[PDB]
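For reference, the structure is listed below as structure tokens.
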Amino acid sequence: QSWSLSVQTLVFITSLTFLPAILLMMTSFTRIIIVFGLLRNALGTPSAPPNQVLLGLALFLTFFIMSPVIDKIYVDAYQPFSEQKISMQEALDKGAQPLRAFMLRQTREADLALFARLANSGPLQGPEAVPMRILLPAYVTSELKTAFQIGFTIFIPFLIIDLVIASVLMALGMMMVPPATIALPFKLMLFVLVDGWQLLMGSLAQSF
Amino acid sequence: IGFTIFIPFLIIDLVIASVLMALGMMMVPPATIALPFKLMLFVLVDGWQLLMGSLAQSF
Amino acid sequence: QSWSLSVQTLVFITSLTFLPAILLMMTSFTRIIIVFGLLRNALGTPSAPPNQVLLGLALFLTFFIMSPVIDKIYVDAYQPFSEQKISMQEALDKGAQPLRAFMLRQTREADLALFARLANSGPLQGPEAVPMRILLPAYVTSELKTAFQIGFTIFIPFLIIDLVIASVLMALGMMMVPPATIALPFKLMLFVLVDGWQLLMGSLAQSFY
Amino acid sequence: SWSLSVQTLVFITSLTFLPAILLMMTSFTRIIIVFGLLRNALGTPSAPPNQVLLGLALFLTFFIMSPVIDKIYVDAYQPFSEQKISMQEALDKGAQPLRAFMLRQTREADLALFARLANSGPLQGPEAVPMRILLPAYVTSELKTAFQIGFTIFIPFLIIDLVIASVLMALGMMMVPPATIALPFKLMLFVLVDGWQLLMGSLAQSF
Amino acid sequence: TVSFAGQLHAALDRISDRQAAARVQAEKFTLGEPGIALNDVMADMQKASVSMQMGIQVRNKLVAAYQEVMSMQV
Amino acid sequence: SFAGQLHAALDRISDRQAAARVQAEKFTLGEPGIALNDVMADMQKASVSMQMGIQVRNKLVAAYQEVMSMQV
Amino acid sequence: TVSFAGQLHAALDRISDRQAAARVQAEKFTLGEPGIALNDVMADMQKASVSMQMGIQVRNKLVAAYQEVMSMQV
Amino acid sequence: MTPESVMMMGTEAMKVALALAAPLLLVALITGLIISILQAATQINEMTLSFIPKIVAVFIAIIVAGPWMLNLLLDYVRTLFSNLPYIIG
Amino acid sequence: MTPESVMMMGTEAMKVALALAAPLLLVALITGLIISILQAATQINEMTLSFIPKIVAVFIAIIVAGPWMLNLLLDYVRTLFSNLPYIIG
Amino acid sequence: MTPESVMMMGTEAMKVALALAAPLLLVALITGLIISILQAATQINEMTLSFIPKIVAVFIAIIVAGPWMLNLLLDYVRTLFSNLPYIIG
């Protein structure tokens, strides 16, 4: 039943091709990236942190968050395969389980029901048997919703600052003074004082 | 489908701009204040799930 | 123990692709360009000097800042490599240490502690034993925070000018006059007379020390 | 003289940095910043297209580099054919006029700062400034010069705007925005005095 | 704590070790060593070539993935 | 510094090419003491060095373009 | 209930069984087991190579198509 | 579609918008008018008097009526998305 | 989350906003009203004279109360980002 | 094809734009002028109470004349696209 070596390396290279899709749709990369983009938009600085810096930060945060899952895959699936204890098929099947559990932990039952009803799947007893083709889109949708929730919540203190400065300027009669120019330095000061970067990364990690 | 998906966000934009300018603060950018409320509307309606349901039921 | 020539060439060419990533996350560049991205906002001209001019100026400033680190790497690690007294693995191990020290001195302790806790690392005896996986993102975080601090401080005199001009315009009954267009030339005056560019670059270079 | 294939490789590689040469080594940054500030002065941020301003700055740069191009042609283009000097002695000889021009247009303070940024103590003479110290100093000097020229351009338009607002206020109007009234007067002043040709003449005189 | 850098270093070391073993065996066979046969030398060289080709292809796929991920607009 | 190291590398590659070309030229005339296998090995080594230089140039140019395309 | 991953798995497994059968037949012929002919051994080896090359080409086409679909600007 | 299958939908949408924005605009106008009349009665010469009453009135109106407007908007958007598959035909 | 949770979050948000603004808005309003009443009583017909004192008053407020409005806001923000992993659901 | 045809194309197009925008702009202008003259008569001056009825009037304008605009613009676009292959050069 064990695949021949040439078939094994063909599978390995073809799977390595799909790496960005796995990173985006199976890990926590998408939510962190969306929150970072929304935060950058929220400070009034559309291009202050370069895209590469934020992408690297999101990659490192994703690696740290997914370290337990990778450790489980190594210990349970990859290590026996590397010692020739188990074949590639059963190794992949065993490695699917920890990632599947992690994705189920961070999905919403309503989206799972939507995709199950849409795919005309029969009744499924418990979370033990849910196909990956059903779980992946539901997990992606749940990640999108959670990222938007976090971004909308983050948008609040800067809105408070903008409103208070606009009101202070308006009550002085300064009718033609735009509030963005005065608000941007104070947005930067607010984000600096609360130790914003490390606090936001810690909050993103804690939510996973 | 797209031009009617656009409708609620235009409603939110117009309402926020009208309230802001009628109150007096006409120098603020309405879109900046409106974006968090657009996200709030999208997440409280379950915009993604309902949008997938509508797209599937369009067939 | 030494790698084969084919493997050495493969590793060298592969690591050549990470040059922008290394420059952004390991050198001074991140703090510089970001500040520029804010300075052009403070002056009231988003156009400002063109983007490429600012990027190249940041690159030259970064090279001048890392000249000591580059020299130490060249002396300690790359020189035995060229003179055949070291392998590629040992060169990679040895040359990173001065750069690790440079990154650590500008790294805030709170961010480093956060990334340790988040990696579940064991008790690190001393700075010297900090893993690079923990030092890199913490350095980037501290770099962003410091750049934002510098930018907010820079935003001050132009705010002073805008407030003074707006108060003068409103005290005369000239309420319908937008003060941004009036205050922009005075911001340019302030940046010219005080020699804003040279002062800012000197301040950045001294800040890294 | 080294290999022809290596010469081709180096030539095509150096062709890539042409925008870098145009921006950092020539004056193109100065004219482009002056044009941007002048456009900001008239109150219309999209009246002449960015393409047209870039091309006008390019033509101005070509003229104002024409003497340096001629010196390059005399010192490098011609003797490379007669083979009295070639490859090394010449590329550097041809770059020497650029060094003279950039020394002329660079302030002493920027050069001093960038020298003390490179620990170059024995830099005593002024014709042996290395390119690494000369280039960013020249760029900073160009930025300062362009900002000064932009402020000088700003002065008359600011005066016109202030005068229009003052007459509006004195005439009894307290709600009319002065920008709408002052824009056509700004244009008629700019055209009537023929601002553009004198501006280019001063820029050419500004070296 | 499994690290990807450690795995990449281990794979590179394995490729280098196989290549070095094949090279050493070929050098010894050229020098007239008795206990080494030509078929083994050629087979070991071919296996080392296959391993290094696999390493090159994995590097290419990894570089493509990295350049795709780092080209985002965040 | 860095430009000096690049210049030294280019000089070494071109010296490789020149030595290989001169050896092949001398062997073409029938000069004694130059063997065909040495000529072919030197030609292949020069080609390998030149390809390495080309690849390094490509990576450096790509890195420069990626750096210069950032949004400040 | 048709899953494309299922069909890909089936085709990959079929290629694997063909390769394994050819390998075992060559193994047995080498050990001198009566009843195995050299011509059939070579024919089955060539059929295994043809099946593997067909799998390679199908994978190449699918990967190319996926990369062209996945790189469009939305 | 049809001009009507579009005009009716736009009319319903802008009816929703008008219902959403009516309380805030109404209280703002009422407060501004009251402060202005009080100012004219005492012949006080000032333009910035009404802004703070405006802001507190709008703030209090938002606090009082937030659940109602939010629920109305959420329900309207939900029915719009549910009816979307039948809008195309 | 439920809409009600969003309303509560916005409630504490605009409560903090009002607490921030009132130390400044109240003093600006008081100064403007006092100057306008004096002007109406003295028939000194000029609006722009009310503008100069207000700034000083506003500035006075800051230098007397800038720390507090700086601190309280932070005590909110540090809470909000710390409640981020518990609002989702 | 002739420049006379082109310039006629621009004129008729932009007169269509004028017809589309004239009711809304004129309604807003009339409402603003009426509110301004009422303010002058009553000696009331706040710059915000003129903004309130303008929105309501302009929004009613779409209720009343909206179908006419939608029918005019569609007819213009339909005729332009139908006559496109006869003004080709």
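Residues in the structure tokens are named by chain (A, B, ... in the order shown) and by number from 1 within that chain; ligands are numbered from 1 in the order shown.
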
Item to check | Near-residue 17 in chain J list (12 Å; only C-alpha atoms; drop same-chain fewer than 3 positions) as a PyMOL selection string | outcome: chain J and resi 10-14+20-25+69-70+72-73+76-77

Item to check | Within 10 Å of residue 33 in chain B using only C-alpha atoms, minus same-chain residues under 4 positions, as a list in words | outcome: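 Once the adjacent positions are removed, what remains is residues 42, 155, 156, 158, 159, 160, 162 and 163 of chain A; 13, 16, 17, 20, 28, 29, 37 and 38 of chain B.
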
Enumerate, in order of chain and increasing residue number, the residues of chain F with an atom no farther than 12 Å from chain C, each with its shortest atom pair and distance in Å to one decimal, counting only C-alpha atoms, as a Markdown table.
```
| residue | atom | partner | partner_atom | distance |
| --- | --- | --- | --- | --- |
| F:1 | CA | C:71 | CA | 9.5 |
| F:2 | CA | C:70 | CA | 10.0 |
| F:5 | CA | C:74 | CA | 11.1 |
| F:9 | CA | C:82 | CA | 11.5 |
| F:48 | CA | C:9 | CA | 11.3 |
| F:49 | CA | C:9 | CA | 11.2 |
| F:51 | CA | C:9 | CA | 11.6 |
| F:52 | CA | C:9 | CA | 8.6 |
| F:53 | CA | C:13 | CA | 10.7 |
| F:54 | CA | C:13 | CA | 11.2 |
| F:55 | CA | C:13 | CA | 7.7 |
| F:56 | CA | C:13 | CA | 7.1 |
| F:57 | CA | C:16 | CA | 10.3 |
| F:58 | CA | C:16 | CA | 9.9 |
| F:59 | CA | C:16 | CA | 6.3 |
| F:60 | CA | C:16 | CA | 7.5 |
| F:61 | CA | C:17 | CA | 10.4 |
| F:62 | CA | C:17 | CA | 8.2 |
| F:63 | CA | C:20 | CA | 6.1 |
| F:64 | CA | C:20 | CA | 8.0 |
| F:65 | CA | C:20 | CA | 9.7 |
| F:66 | CA | C:20 | CA | 7.0 |
| F:67 | CA | C:20 | CA | 6.0 |
| F:68 | CA | C:52 | CA | 6.2 |
| F:69 | CA | C:52 | CA | 7.8 |
| F:70 | CA | C:55 | CA | 7.9 |
| F:71 | CA | C:51 | CA | 6.9 |
| F:72 | CA | C:37 | CA | 5.4 |
```

Checklist entry - Within 12 Å of range 22-38 of chain G, counting only C-alpha atoms, which residues qualify if same-chain residues fewer than 3 places away don't, as a PyMOL selection string? => result (chain A and resi 4-5) or (chain G and resi 15-19+41-49+51)

Restricted to C-alpha atoms, what would the selected residues look like written as an mmCIF file, in the first residue's frame?
```cif
data_model
loop_
_atom_site.group_PDB
_atom_site.id
_atom_site.type_symbol
_atom_site.label_atom_id
_atom_site.label_comp_id
_atom_site.auth_asym_id
_atom_site.auth_seq_id
_atom_site.Cartn_x
_atom_site.Cartn_y
_atom_site.Cartn_z
ATOM 1 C CA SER A 4 6.773 4.117 -4.292
ATOM 2 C CA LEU A 5 9.556 6.625 -3.733
ATOM 3 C CA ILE G 15 0.478 4.318 -10.567
ATOM 4 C CA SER G 16 2.064 3.120 -7.322
ATOM 5 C CA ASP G 17 0.699 -0.416 -7.714
ATOM 6 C CA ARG G 18 1.977 -0.590 -11.290
ATOM 7 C CA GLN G 19 5.446 0.541 -10.205
ATOM 8 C CA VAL G 41 9.826 -7.833 -17.203
ATOM 9 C CA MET G 42 11.041 -5.116 -19.573
ATOM 10 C CA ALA G 43 7.546 -4.553 -20.987
ATOM 11 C CA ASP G 44 6.032 -4.063 -17.530
ATOM 12 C CA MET G 45 8.907 -1.765 -16.553
ATOM 13 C CA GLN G 46 8.236 0.379 -19.625
ATOM 14 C CA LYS G 47 4.503 0.422 -18.873
ATOM 15 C CA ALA G 48 5.282 1.600 -15.337
ATOM 16 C CA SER G 49 7.476 4.365 -16.757
ATOM 17 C CA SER G 51 2.159 5.535 -16.317
#
```

Rotate and translate chain J onto chain I via least squares on all in-order Cα pairs, then write the result as a tab-separated table (two decimals) with N, CA and C atoms, in the first residue's frame.
```tsv
chain	number	residue	atom	x	y	z
J	1	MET	N	-20.03	39.64	22.60
J	1	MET	CA	-20.47	39.01	21.36
J	1	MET	C	-21.91	39.39	21.04
J	2	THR	N	-22.77	39.34	22.05
J	2	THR	CA	-24.17	39.68	21.87
J	2	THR	C	-24.32	41.16	21.50
J	3	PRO	N	-25.37	41.52	20.75
J	3	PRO	CA	-25.54	42.93	20.37
J	3	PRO	C	-25.64	43.86	21.57
J	4	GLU	N	-26.13	43.37	22.70
J	4	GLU	CA	-26.13	44.17	23.92
J	4	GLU	C	-24.70	44.54	24.31
J	5	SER	N	-23.77	43.59	24.20
J	5	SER	CA	-22.37	43.88	24.50
J	5	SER	C	-21.79	44.89	23.52
J	6	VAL	N	-22.12	44.75	22.24
J	6	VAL	CA	-21.62	45.69	21.24
J	6	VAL	C	-22.11	47.10	21.54
J	7	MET	N	-23.43	47.24	21.68
J	7	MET	CA	-23.98	48.61	21.86
J	7	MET	C	-23.43	49.19	23.16
J	8	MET	N	-23.24	48.34	24.18
J	8	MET	CA	-22.61	48.83	25.44
J	8	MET	C	-21.21	49.32	25.09
J	9	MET	N	-20.52	48.58	24.21
J	9	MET	CA	-19.15	48.97	23.81
J	9	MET	C	-19.19	50.39	23.25
J	10	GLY	N	-20.13	50.65	22.34
J	10	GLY	CA	-20.21	51.98	21.72
J	10	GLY	C	-20.53	53.02	22.76
J	11	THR	N	-21.53	52.76	23.60
J	11	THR	CA	-21.95	53.74	24.63
J	11	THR	C	-20.75	54.09	25.50
J	12	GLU	N	-20.12	53.09	26.13
J	12	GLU	CA	-19.04	53.42	27.05
J	12	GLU	C	-17.92	54.17	26.34
J	13	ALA	N	-17.59	53.75	25.12
J	13	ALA	CA	-16.62	54.49	24.33
J	13	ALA	C	-17.05	55.93	24.15
J	14	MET	N	-18.31	56.15	23.83
J	14	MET	CA	-18.58	57.52	23.44
J	14	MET	C	-18.83	58.39	24.67
J	15	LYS	N	-19.21	57.77	25.79
J	15	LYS	CA	-19.18	58.47	27.07
J	15	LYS	C	-17.76	58.82	27.49
J	16	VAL	N	-16.78	57.96	27.18
J	16	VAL	CA	-15.39	58.32	27.43
J	16	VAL	C	-15.00	59.53	26.59
J	17	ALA	N	-15.44	59.55	25.33
J	17	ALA	CA	-15.20	60.72	24.48
J	17	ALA	C	-15.86	61.96	25.08
J	18	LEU	N	-17.08	61.82	25.58
J	18	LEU	CA	-17.77	62.95	26.20
J	18	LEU	C	-17.02	63.45	27.42
J	19	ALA	N	-16.53	62.54	28.26
J	19	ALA	CA	-15.76	62.95	29.43
J	19	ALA	C	-14.47	63.64	29.03
J	20	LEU	N	-13.84	63.17	27.96
J	20	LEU	CA	-12.60	63.79	27.48
J	20	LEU	C	-12.85	65.20	26.95
J	21	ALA	N	-13.96	65.40	26.25
J	21	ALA	CA	-14.21	66.68	25.59
J	21	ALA	C	-15.01	67.67	26.42
J	22	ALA	N	-15.67	67.21	27.48
J	22	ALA	CA	-16.56	68.09	28.25
J	22	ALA	C	-15.83	69.24	28.94
J	23	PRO	N	-14.70	69.04	29.62
J	23	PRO	CA	-14.05	70.20	30.27
J	23	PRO	C	-13.67	71.30	29.29
J	24	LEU	N	-13.05	70.96	28.16
J	24	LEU	CA	-12.62	71.99	27.21
J	24	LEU	C	-13.82	72.72	26.62
J	25	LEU	N	-14.82	71.97	26.16
J	25	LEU	CA	-16.00	72.59	25.57
J	25	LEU	C	-16.74	73.46	26.58
J	26	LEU	N	-16.89	72.97	27.81
J	26	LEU	CA	-17.60	73.73	28.83
J	26	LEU	C	-16.84	74.99	29.22
J	27	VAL	N	-15.51	74.91	29.32
J	27	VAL	CA	-14.71	76.10	29.63
J	27	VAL	C	-14.86	77.13	28.52
J	28	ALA	N	-14.77	76.69	27.26
J	28	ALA	CA	-14.94	77.61	26.15
J	28	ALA	C	-16.32	78.25	26.15
J	29	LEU	N	-17.36	77.44	26.42
J	29	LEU	CA	-18.72	77.96	26.44
J	29	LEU	C	-18.90	78.99	27.56
J	30	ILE	N	-18.37	78.70	28.74
J	30	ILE	CA	-18.49	79.63	29.86
J	30	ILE	C	-17.77	80.94	29.55
J	31	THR	N	-16.56	80.85	28.99
J	31	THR	CA	-15.82	82.06	28.64
J	31	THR	C	-16.58	82.88	27.60
J	32	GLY	N	-17.12	82.22	26.58
J	32	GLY	CA	-17.88	82.93	25.57
J	32	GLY	C	-19.12	83.59	26.13
J	33	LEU	N	-19.85	82.89	26.99
J	33	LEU	CA	-21.06	83.46	27.58
J	33	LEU	C	-20.72	84.64	28.48
J	34	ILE	N	-19.64	84.54	29.25
J	34	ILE	CA	-19.24	85.63	30.13
J	34	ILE	C	-18.85	86.86	29.32
J	35	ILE	N	-18.06	86.66	28.26
J	35	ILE	CA	-17.65	87.78	27.43
J	35	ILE	C	-18.86	88.40	26.73
J	36	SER	N	-19.81	87.56	26.31
J	36	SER	CA	-21.01	88.06	25.65
J	36	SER	C	-21.87	88.90	26.60
J	37	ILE	N	-22.06	88.43	27.84
J	37	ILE	CA	-22.88	89.20	28.77
J	37	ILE	C	-22.17	90.49	29.16
J	38	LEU	N	-20.84	90.46	29.27
J	38	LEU	CA	-20.11	91.70	29.52
J	38	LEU	C	-20.27	92.68	28.37
J	39	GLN	N	-20.22	92.18	27.13
J	39	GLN	CA	-20.45	93.03	25.97
J	39	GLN	C	-21.85	93.64	26.00
J	40	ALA	N	-22.85	92.83	26.35
J	40	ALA	CA	-24.22	93.33	26.43
J	40	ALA	C	-24.35	94.40	27.51
J	41	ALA	N	-23.69	94.20	28.65
J	41	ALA	CA	-23.75	95.19	29.72
J	41	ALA	C	-23.07	96.49	29.32
J	42	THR	N	-21.92	96.40	28.64
J	42	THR	CA	-21.15	97.58	28.28
J	42	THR	C	-21.59	98.17	26.94
J	43	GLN	N	-22.49	97.49	26.22
J	43	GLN	CA	-22.97	97.93	24.90
J	43	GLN	C	-21.83	97.97	23.89
J	44	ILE	N	-20.93	97.01	23.98
J	44	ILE	CA	-19.81	96.87	23.07
J	44	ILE	C	-20.05	95.65	22.18
J	45	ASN	N	-19.84	95.83	20.88
J	45	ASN	CA	-20.10	94.75	19.94
J	45	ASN	C	-19.06	94.65	18.83
J	46	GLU	N	-18.03	93.84	19.05
J	46	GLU	CA	-17.12	93.40	18.00
J	46	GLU	C	-17.00	91.89	18.08
J	47	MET	N	-17.13	91.22	16.93
J	47	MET	CA	-17.19	89.76	16.91
J	47	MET	C	-15.84	89.10	17.14
J	48	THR	N	-14.77	89.88	17.28
J	48	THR	CA	-13.43	89.34	17.42
J	48	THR	C	-12.90	89.33	18.84
J	49	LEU	N	-13.43	90.17	19.73
J	49	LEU	CA	-12.90	90.22	21.09
J	49	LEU	C	-13.40	89.06	21.94
J	50	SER	N	-14.44	88.37	21.50
J	50	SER	CA	-14.86	87.15	22.17
J	50	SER	C	-13.98	85.96	21.82
J	51	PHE	N	-13.23	86.05	20.72
J	51	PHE	CA	-12.35	84.96	20.31
J	51	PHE	C	-11.03	84.96	21.07
J	52	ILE	N	-10.66	86.06	21.71
J	52	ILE	CA	-9.35	86.20	22.33
J	52	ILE	C	-9.27	85.39	23.62
J	53	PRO	N	-10.12	85.65	24.63
J	53	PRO	CA	-9.94	84.93	25.91
J	53	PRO	C	-10.29	83.46	25.81
J	54	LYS	N	-11.05	83.06	24.79
J	54	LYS	CA	-11.44	81.67	24.65
J	54	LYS	C	-10.23	80.77	24.44
J	55	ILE	N	-9.30	81.19	23.58
J	55	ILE	CA	-8.10	80.39	23.32
J	55	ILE	C	-7.28	80.24	24.59
J	56	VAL	N	-7.09	81.34	25.32
J	56	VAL	CA	-6.29	81.30	26.54
J	56	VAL	C	-6.94	80.39	27.57
J	57	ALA	N	-8.26	80.50	27.74
J	57	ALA	CA	-8.95	79.66	28.71
J	57	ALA	C	-8.86	78.18	28.33
J	58	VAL	N	-9.10	77.86	27.06
J	58	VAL	CA	-9.07	76.47	26.64
J	58	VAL	C	-7.66	75.90	26.75
J	59	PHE	N	-6.64	76.72	26.47
J	59	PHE	CA	-5.26	76.26	26.59
J	59	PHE	C	-4.86	76.06	28.04
J	60	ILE	N	-5.34	76.90	28.95
J	60	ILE	CA	-5.12	76.67	30.38
J	60	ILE	C	-5.80	75.38	30.81
J	61	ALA	N	-6.96	75.07	30.21
J	61	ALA	CA	-7.69	73.86	30.56
J	61	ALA	C	-6.83	72.61	30.39
J	62	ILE	N	-6.00	72.57	29.34
J	62	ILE	CA	-5.08	71.44	29.20
J	62	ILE	C	-4.01	71.46	30.29
J	63	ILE	N	-3.54	72.65	30.69
J	63	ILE	CA	-2.57	72.72	31.79
J	63	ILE	C	-3.13	72.06	33.04
J	64	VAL	N	-4.36	72.39	33.41
J	64	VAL	CA	-4.91	71.97	34.69
J	64	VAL	C	-5.41	70.53	34.65
J	65	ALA	N	-6.24	70.19	33.67
J	65	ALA	CA	-6.88	68.88	33.64
J	65	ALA	C	-6.30	67.93	32.61
J	66	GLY	N	-5.24	68.31	31.91
J	66	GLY	CA	-4.66	67.49	30.87
J	66	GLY	C	-4.17	66.13	31.32
J	67	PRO	N	-3.40	66.08	32.42
J	67	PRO	CA	-2.98	64.77	32.94
J	67	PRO	C	-4.14	63.85	33.24
J	68	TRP	N	-5.26	64.38	33.74
J	68	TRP	CA	-6.41	63.53	34.03
J	68	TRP	C	-6.97	62.91	32.75
J	69	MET	N	-7.09	63.71	31.69
J	69	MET	CA	-7.57	63.18	30.41
J	69	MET	C	-6.60	62.13	29.88
J	70	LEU	N	-5.30	62.41	29.95
J	70	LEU	CA	-4.32	61.48	29.42
J	70	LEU	C	-4.34	60.17	30.20
J	71	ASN	N	-4.54	60.23	31.51
J	71	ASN	CA	-4.63	59.01	32.31
J	71	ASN	C	-5.93	58.25	32.08
J	72	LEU	N	-7.04	58.96	31.85
J	72	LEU	CA	-8.31	58.30	31.61
J	72	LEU	C	-8.31	57.57	30.27
J	73	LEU	N	-7.85	58.25	29.22
J	73	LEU	CA	-7.90	57.65	27.88
J	73	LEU	C	-6.96	56.45	27.78
J	74	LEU	N	-5.77	56.55	28.37
J	74	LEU	CA	-4.85	55.42	28.36
J	74	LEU	C	-5.44	54.23	29.11
J	75	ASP	N	-6.08	54.48	30.25
J	75	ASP	CA	-6.71	53.39	30.99
J	75	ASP	C	-7.81	52.74	30.16
J	76	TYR	N	-8.62	53.56	29.48
J	76	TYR	CA	-9.67	53.01	28.62
J	76	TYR	C	-9.08	52.13	27.53
J	77	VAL	N	-8.05	52.62	26.84
J	77	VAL	CA	-7.46	51.86	25.73
J	77	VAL	C	-6.80	50.58	26.25
J	78	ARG	N	-6.11	50.68	27.39
J	78	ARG	CA	-5.46	49.52	27.98
J	78	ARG	C	-6.48	48.44	28.32
J	79	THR	N	-7.57	48.83	28.98
J	79	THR	CA	-8.60	47.87	29.34
J	79	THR	C	-9.26	47.27	28.10
J	80	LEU	N	-9.51	48.09	27.08
J	80	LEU	CA	-10.12	47.59	25.86
J	80	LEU	C	-9.23	46.56	25.18
J	81	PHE	N	-7.94	46.85	25.07
J	81	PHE	CA	-7.02	45.91	24.44
J	81	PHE	C	-6.82	44.66	25.27
J	82	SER	N	-6.89	44.77	26.60
J	82	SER	CA	-6.78	43.59	27.46
J	82	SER	C	-8.02	42.71	27.39
J	83	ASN	N	-9.21	43.31	27.28
J	83	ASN	CA	-10.45	42.55	27.19
J	83	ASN	C	-10.82	42.17	25.77
J	84	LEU	N	-10.02	42.59	24.79
J	84	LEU	CA	-10.26	42.18	23.40
J	84	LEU	C	-10.40	40.67	23.20
J	85	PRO	N	-9.54	39.81	23.74
J	85	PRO	CA	-9.67	38.37	23.47
J	85	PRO	C	-10.77	37.67	24.24
J	86	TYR	N	-11.63	38.39	24.97
J	86	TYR	CA	-12.74	37.79	25.69
J	86	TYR	C	-14.09	38.21	25.14
J	87	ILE	N	-14.13	39.09	24.15
J	87	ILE	CA	-15.37	39.52	23.52
J	87	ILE	C	-15.30	39.13	22.04
J	88	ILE	N	-14.63	38.02	21.76
J	88	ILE	CA	-14.45	37.53	20.40
J	88	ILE	C	-15.57	36.54	20.08
J	89	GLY	N	-16.02	36.56	18.83
J	89	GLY	CA	-17.07	35.68	18.38
J	89	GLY	C	-16.85	35.12	16.99
```

Checklist entry - Skipping near chain neighbours, those fewer than 6 positions away, what residues fall within 12 Å of residue 104 in chain A using only C-alpha atoms, listed as an NGL selection string? => result :A and (26-27 or 96-98 or 111-112 or 126-132 or 134-140 or 142-143 or 208)

Do a neighbour search on range 111-121 of chain D at 7 Å with only C-alpha atoms, toss out local chain neighbours closer than 5 positions, and write the hits as an mmCIF file with N, CA and C atoms, in the first residue's frame.
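Result written to out05.cif:
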```cif
data_model
loop_
_atom_site.group_PDB
_atom_site.id
_atom_site.type_symbol
_atom_site.label_atom_id
_atom_site.label_comp_id
_atom_site.auth_asym_id
_atom_site.auth_seq_id
_atom_site.Cartn_x
_atom_site.Cartn_y
_atom_site.Cartn_z
ATOM 1 N N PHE C 64 25.653 53.949 6.436
ATOM 2 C CA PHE C 64 26.545 54.688 7.325
ATOM 3 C C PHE C 64 26.368 54.252 8.775
ATOM 4 N N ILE D 133 30.438 59.843 0.424
ATOM 5 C CA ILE D 133 30.190 61.028 1.236
ATOM 6 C C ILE D 133 29.572 62.150 0.405
ATOM 7 N N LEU D 134 29.876 62.197 -0.892
ATOM 8 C CA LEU D 134 29.415 63.288 -1.742
ATOM 9 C C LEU D 134 27.945 63.144 -2.125
ATOM 10 N N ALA D 137 25.038 63.931 0.722
ATOM 11 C CA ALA D 137 25.188 65.349 1.025
ATOM 12 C C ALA D 137 24.643 66.206 -0.107
#
```

Next on the checklist: Residues of chain G were defined as contacting chain E if any atom lay at most 12 Å from it, counting only C-alpha atoms; please report them as an NGL selection string.
Outcome noted: :G and (67 or 70-71 or 73)

Item to check | Within 6 Å of range 12-19 of chain F using only C-alpha atoms, minus same-chain residues under 5 positions, as a list in words | outcome: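 So the residues in contact are residues 2 and 3 of chain D; 46 of chain F.
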
Could you take the residues named above and write them with C-alpha atoms, as a short mmCIF file (atom, residue, chain, number, x, y, z; two decimals), in the first residue's frame?
```cif
data_model
loop_
_atom_site.label_atom_id
_atom_site.label_comp_id
_atom_site.auth_asym_id
_atom_site.auth_seq_id
_atom_site.Cartn_x
_atom_site.Cartn_y
_atom_site.Cartn_z
CA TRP D 2 38.85 42.83 -18.96
CA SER D 3 36.56 40.40 -20.76
CA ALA F 46 35.27 29.81 -16.54
#
```

Checklist entry - Tell me, which residues of chain G carry DSSP helix (DSSP H, G or I), written as a ChimeraX atom specification? => result /G:4-30,38-70

Show which residues sit within 6 Å of range 171-186 of chain C, as a compact mmCIF listing (two decimals) with C-alpha atoms, in the first residue's frame. Count only C-alpha atoms, and ignore same-chain residues fewer than 3 positions away.
```txt
# COMPACT_ATOMS: atom_id res chain seq x y z
CA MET A 176 -12.15 75.76 8.39
CA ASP C 162 -0.57 75.64 12.30
CA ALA C 166 -5.09 79.61 12.66
CA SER C 167 -5.39 81.69 15.84
CA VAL C 168 -4.07 84.77 14.02
CA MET C 189 10.47 78.31 6.12
CA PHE D 151 9.10 79.27 -0.43
CA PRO D 177 -14.34 82.07 0.87
CA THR I 48 -14.31 88.59 17.37
```

Checklist entry - What residues in chain D have any atom no more than 9 Å from chain C when counting only C-alpha atoms, and can you write them as a ChimeraX atom specification? => result /D:19-20,23-24,29-30,32-33,36-37,40-41,43,109-110,113-114,117-118,132,135-137,139-141,143-145,147-148,150-152,154-155,158,161-162,165-166,169,174-179
